[PDB]
C-alpha cells in the first residue's frame, strides 16, 4: 500500500499522510504517519470533546453573547445568530458541522486560561496521551503557519488515536460520547473526502480541515455494514505550490479507497 500512496503523491503533486489503527483482525495502515501536518479545522472535534469533558451537560445551555467584532474568520452560523448569541451546545454544533470559525474561538475561550484557550486545549490533548499535537493560534491564524512551522500541527498517527479514544474509547462518558458522535454524524462537509472512498453501505462520520499550501485533511470513524468500526486519518498538503496551492479533495478520496479495499 506504500507504493499506491507514493503514486498518489506524484499524481497529485502533494504530500500524503495516512494512519489507520490496528484492530483484532486488521493490521494498522501507515504512511508518513509521524510526519507533522497542520490541524486546520480538524481540531474542532477534540475541542468539543474538551468542552464536554470539563463541564456537566447543563453547561451546553449556557448562552454566549458576542459582537460583530468577534467574527474574524469563516463563520456561516455565528453570522446568523449575532443578535441572540449562541449556546455552548450550538457552538459545538456549528464547530463540527459547519466548521464555524467564531464558534471554535468562543469554545476555546470557554476552556479558559492563556492563549485564548489554546494552552488548555493542548493540555487536554496531553491528558489524552497525545504528546505530539499542539494548538497555538485561534482562527483564522492557525491555518496560515508556513511549511516547517510546528505551531498548530498534529500527525495522522496522533490525531487518529485521539479520535479513537473519544468516539470508540471511554475518554468521555457515554452521554457526552453520543453528543460528540451525533454531531460528527450530521456533518456534510466531508462528502468528497473519506466518505467518497468508502462503499455507500458503510457508515462514515468525520471532521474535515482545509488551509493554505494545498492543505486538505479528514479524520473519520467508519463502520462496516456488519458494525465493525475503524478510525481513518488522512492529511495532505502541497507546499511546493506555495500559499495559493489548490487543495485536492480527490487525493483524500482515492487514499480512502485504498484503505477501504484493505479493510473490506
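Residue numbers count along the first chain shown, from 1.
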Quick one: say whether 64-72 or 51-59 has the higher mean Cα B-factor in the deposited entry. 64-72
Comparing 162-170 with 74-82, the higher average Cα temperature factor in the PDB entry belongs to 74-82
Based on the PDB entry, the highest CA temperature factor among the options 104, 111, 191, 128 is that of 111
Sorting 16, 22, 245, 253 by Cα temperature factor from the record, which one lands on top? 253
Going by the entry, which third of its chain does the Cα temperature factor of residue 26 land in? lowest
Among the modelled residues of its chain, does the C-alpha B-factor of residue 224 lie in the lowest, middle or highest third? middle
Report the third (lowest, middle or highest) to which the CA temperature factor of residue 94 belongs, ranking only the modelled residues of the same chain. lowest
Here the Cα B-factor of residue 156, set against its chain, lands in the third termed lowest
Relative C-alpha B-factor of residue 46, binned into the chain's lowest, middle or highest third: highest
